[PDB]
Amino acid sequence: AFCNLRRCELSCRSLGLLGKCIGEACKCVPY
């Protein structure tokens with residue numbers, strides 16, 4: 001897969017959110 005999900009999710013965990021991939025990049029979500 002073309003997206004670093006774990007590296008995103010642990011970054012979002014600083015902000016208190018979850019990380020989710022979207023095609024070719026990753027974004028944080030509070031859900």
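Positions of Cβ are set from backbone N, Cα and C atoms, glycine also.
Record source Swiss-Prot places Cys21 in a disulfide bond whose other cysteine, from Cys3, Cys8, is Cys3. For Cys28, the partner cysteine in a disulfide bond according to Swiss-Prot, taken from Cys8, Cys12, is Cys12.
Reported as a whole number, the C-alpha separation between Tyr31 (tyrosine amide) and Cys12 (disulfide bond) equals 12 Å.
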